[PDB]
Every structure is written in C-alpha cells, then in structure tokens.
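Beneath this line is the structure, given in structure tokens, with notes to follow.
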Amino acid sequence: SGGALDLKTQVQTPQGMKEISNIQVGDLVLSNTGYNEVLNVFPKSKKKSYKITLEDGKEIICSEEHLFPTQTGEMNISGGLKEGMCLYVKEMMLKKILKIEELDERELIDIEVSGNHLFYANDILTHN
C-alpha cells in the first residue's frame with residue numbers, strides 16, 4: 001500500500017516490540033488475526049505526516065494516504081478519516097479519534113504484510 005508510518009512506530013513481533021524502522025522481510029507482526037509475515041519493506045520516503053490521538057491516549061504518526069480499519073471499512077486522512085470516528089485498539093476495542101494534527105515532512109516507512117494486511121502499531125490496528 002501507499003503511504004507510510006513514523007520510523008519509531010512500535011509493532012509486536014514474537015521476539016518483542018520493534019520499531020518499524022528495524023523491521024525486515026520475514027519478520028512476523030501481530031494483528032487481530034495472529035502474526036502476519038512481512039513480505040516487503042518498501043523504500044523509506046519523505047512525506048507530510050499527521051498525528052492521530054485516540055481517547056485512551058494512544059497515538060500514531062502516518063501519511064495522509066495510510067489506511068486504518070474502521071467500522072465503515074478502510075479509511076485514510078485523505079479520504080475523510082477524522083475526529084469522532086473510531087479506530088480499533090488491541091484487542092478489537094473501539095476508541096474515538098480525539099485529534100488529527102498535521103505535523104511536518106519527515107522520513108516514513110512502508111511495509112507489506114501477509115494475511116489480512118493488518119498489524120497493531122502502537123497498539124492501534126492499522127493497515128500495512
């Protein structure tokens with residue numbers, strides 16, 4: 001997929017939490033449906049970034065096209081993901097988006113995973 005995540009975003013492997021900048025092809029990352037294999041690590045890219053903050057405090061930084069599962073299907077900021085909609089947090093609990101804050105241009109990275117193409121990122125369910 002298009003878009004990307006902050007380098008310091010944490011994902012859960014069987015060997016513990018890893019920053020996504022350290023993920024390699026063949027790693028396993030936890031989703032709502034078990035561990036998905038990392039099939040690709042696409043090139044790092046500089047993009048405008050956005051911070052999403054949920055009502056439980058959890059945060060994630062991503063690009064405008066990065067997708068998240070919602071009750072209406074996958075959505076991104078460019079496609080109208082906004083405050084007052086809910087994301088899923090570990091384990092499939094709905095939490096309101098309190099804020100979406102545009103930040104700065106920064107390096108981001110993008111991976112592809114197997115299975116349902118999802119993984120928990122800072123304990124927020126996200127699409128690859």
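Starting from 1 in every chain, residues are counted up; chains themselves are A, B, ... following the order of the structure tokens, and ligands are numbered from 1 as listed.
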
Please identify all polymer residues within 10 Å of residue 119 of chain A, counting only C-alpha atoms, omitting same-chain residues fewer than 6 positions from it, and present them as a list in words.
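Listing them by chain and then by number gives residues 11, 12, 28, 29, 30, 31, 32, 33, 34, 35, 36, 68, 90, 113, 125, 126, 127 and 128 of chain A.
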
Would you mind writing down, as an MDAnalysis selection string, each residue of chain A that DSSP on the backbone assigns to strand (DSSP E)?
chainID A and resid 5:6 10:13 16:19 28:31 34:41 45:54 59:62 86:89 93:109 111:113 118:121 124:127

Closest-contact table, segment 85-126 of chain A side, partner segment 38-55 of chain A, 6 Å, counting only C-alpha atoms, as a tab-separated table:
residue	atom	partner	partner_atom	distance
A:96	CA	A:55	CA	5.5
A:97	CA	A:54	CA	4.4
A:98	CA	A:54	CA	5.2
A:99	CA	A:53	CA	5.3
A:100	CA	A:52	CA	4.6
A:101	CA	A:51	CA	5.1
A:102	CA	A:50	CA	4.3
A:103	CA	A:50	CA	5.3
A:104	CA	A:48	CA	5.6
A:105	CA	A:48	CA	4.1
A:106	CA	A:46	CA	5.1
A:107	CA	A:46	CA	4.2
A:108	CA	A:45	CA	5.5
A:109	CA	A:44	CA	4.8
A:110	CA	A:42	CA	5.4
A:111	CA	A:41	CA	4.4
A:112	CA	A:40	CA	4.9
A:113	CA	A:38	CA	4.3

Take the residues from that selection and write them out as a PDB file, in the first residue's frame, keeping N, CA and C atoms.
ATOM      1  N   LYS A  96     -12.456   6.320  20.183  1.00  0.00           N
ATOM      2  CA  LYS A  96     -12.649   7.553  19.401  1.00  0.00           C
ATOM      3  C   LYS A  96     -11.320   8.220  19.074  1.00  0.00           C
ATOM      4  N   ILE A  97     -11.245   8.746  17.872  1.00  0.00           N
ATOM      5  CA  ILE A  97     -10.191   9.716  17.496  1.00  0.00           C
ATOM      6  C   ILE A  97     -10.538  11.054  18.125  1.00  0.00           C
ATOM      7  N   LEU A  98      -9.659  11.548  18.974  1.00  0.00           N
ATOM      8  CA  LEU A  98      -9.828  12.886  19.570  1.00  0.00           C
ATOM      9  C   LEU A  98      -9.287  13.976  18.649  1.00  0.00           C
ATOM     10  N   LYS A  99      -8.158  13.727  17.994  1.00  0.00           N
ATOM     11  CA  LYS A  99      -7.441  14.759  17.246  1.00  0.00           C
ATOM     12  C   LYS A  99      -6.760  14.115  16.078  1.00  0.00           C
ATOM     13  N   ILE A 100      -6.700  14.843  14.988  1.00  0.00           N
ATOM     14  CA  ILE A 100      -5.746  14.573  13.901  1.00  0.00           C
ATOM     15  C   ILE A 100      -5.003  15.879  13.655  1.00  0.00           C
ATOM     16  N   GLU A 101      -3.700  15.851  13.837  1.00  0.00           N
ATOM     17  CA  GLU A 101      -2.826  17.056  13.835  1.00  0.00           C
ATOM     18  C   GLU A 101      -1.827  16.907  12.684  1.00  0.00           C
ATOM     19  N   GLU A 102      -1.838  17.798  11.696  1.00  0.00           N
ATOM     20  CA  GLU A 102      -0.785  17.807  10.674  1.00  0.00           C
ATOM     21  C   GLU A 102       0.511  18.227  11.353  1.00  0.00           C
ATOM     22  N   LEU A 103       1.564  17.504  11.053  1.00  0.00           N
ATOM     23  CA  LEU A 103       2.896  17.790  11.587  1.00  0.00           C
ATOM     24  C   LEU A 103       3.739  18.287  10.413  1.00  0.00           C
ATOM     25  N   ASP A 104       4.910  17.743  10.274  1.00  0.00           N
ATOM     26  CA  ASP A 104       5.952  18.197   9.351  1.00  0.00           C
ATOM     27  C   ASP A 104       6.223  17.124   8.297  1.00  0.00           C
ATOM     28  N   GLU A 105       7.024  17.462   7.317  1.00  0.00           N
ATOM     29  CA  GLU A 105       7.578  16.463   6.400  1.00  0.00           C
ATOM     30  C   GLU A 105       8.641  15.682   7.139  1.00  0.00           C
ATOM     31  N   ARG A 106       8.613  14.367   7.020  1.00  0.00           N
ATOM     32  CA  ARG A 106       9.644  13.542   7.661  1.00  0.00           C
ATOM     33  C   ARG A 106       9.751  12.216   6.916  1.00  0.00           C
ATOM     34  N   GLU A 107      10.829  11.504   7.208  1.00  0.00           N
ATOM     35  CA  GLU A 107      11.003  10.148   6.673  1.00  0.00           C
ATOM     36  C   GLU A 107       9.974   9.221   7.324  1.00  0.00           C
ATOM     37  N   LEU A 108       9.391   8.374   6.509  1.00  0.00           N
ATOM     38  CA  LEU A 108       8.385   7.404   6.940  1.00  0.00           C
ATOM     39  C   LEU A 108       8.679   6.068   6.291  1.00  0.00           C
ATOM     40  N   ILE A 109       8.143   5.010   6.876  1.00  0.00           N
ATOM     41  CA  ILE A 109       8.369   3.775   6.144  1.00  0.00           C
ATOM     42  C   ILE A 109       7.110   2.948   6.048  1.00  0.00           C
ATOM     43  N   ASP A 110       7.227   2.087   5.061  1.00  0.00           N
ATOM     44  CA  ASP A 110       6.081   1.378   4.492  1.00  0.00           C
ATOM     45  C   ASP A 110       6.447  -0.087   4.351  1.00  0.00           C
ATOM     46  N   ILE A 111       5.636  -0.976   4.899  1.00  0.00           N
ATOM     47  CA  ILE A 111       5.829  -2.417   4.779  1.00  0.00           C
ATOM     48  C   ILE A 111       4.566  -3.060   4.224  1.00  0.00           C
ATOM     49  N   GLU A 112       4.709  -4.249   3.692  1.00  0.00           N
ATOM     50  CA  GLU A 112       3.594  -5.101   3.270  1.00  0.00           C
ATOM     51  C   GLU A 112       3.616  -6.363   4.114  1.00  0.00           C
ATOM     52  N   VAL A 113       2.470  -6.769   4.635  1.00  0.00           N
ATOM     53  CA  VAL A 113       2.376  -7.989   5.420  1.00  0.00           C
ATOM     54  C   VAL A 113       1.351  -8.926   4.783  1.00  0.00           C
TER      55      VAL A 113
END

Shell around residue 73 of chain A at 12 Å using only C-alpha atoms, local window under 4 positions removed, as a list in words:
residues 67, 68, 69, 79, 80, 81, 85, 86, 87, 88, 126 and 127 of chain A

Excluding segment 6-10 of chain A and residues on its chain fewer than 6 positions from it, collect all residues at most 6 Å away from it, counting only C-alpha atoms, and give them as a list in words.
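Within the cut-off, the hits are residues 18, 19, 20, 21, 61, 62, 108, 121 and 122 of chain A.
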